[PDB]
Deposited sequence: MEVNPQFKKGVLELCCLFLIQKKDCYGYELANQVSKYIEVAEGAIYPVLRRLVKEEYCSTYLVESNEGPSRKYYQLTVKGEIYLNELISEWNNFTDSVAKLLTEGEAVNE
């Protein structure tokens, strides 16, 4: 199912907004909710960094790369949440009128 991919971007943004997280930690938090192929978040993270929705920084002592929401990414997340809701509301109006 391909609707699951654009959803990872939204779950990752939402969790990153709560807390600065590193990679494996984010994958294990998404996995509480949806069954994510291990490795599937990293291209999502790389895109959100490239698009400057997230920035990144390292912490040492085994160095670790933390992800941070930017201002741009905070606006984008809030649009994505509003899109998601009224999108799934629309689909549910289809699935129960037919």
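Missing C-alpha coordinates mark the following deposited-sequence intervals, in order: 1 to 4, 66 to 68, 106 to 110.
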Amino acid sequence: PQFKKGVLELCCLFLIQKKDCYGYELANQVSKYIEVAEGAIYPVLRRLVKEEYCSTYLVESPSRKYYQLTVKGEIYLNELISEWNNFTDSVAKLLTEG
From here on, numbers count along this sequence of modelled residues.
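The stretch 62 to 70 shows the higher mean C-alpha B-factor when 62 to 70 is compared against 37 to 45 in the entry. In the deposited entry, the Cα temperature factor of residue 7 places it in the middle third of its chain's modelled residues. Compared with the other modelled residues of the chain, the Cα B-factor recorded for residue 17 ranks in the middle third.
Placement of the Cα temperature factor of residue 75 within the chain: highest third of the modelled residues, per the deposited record.
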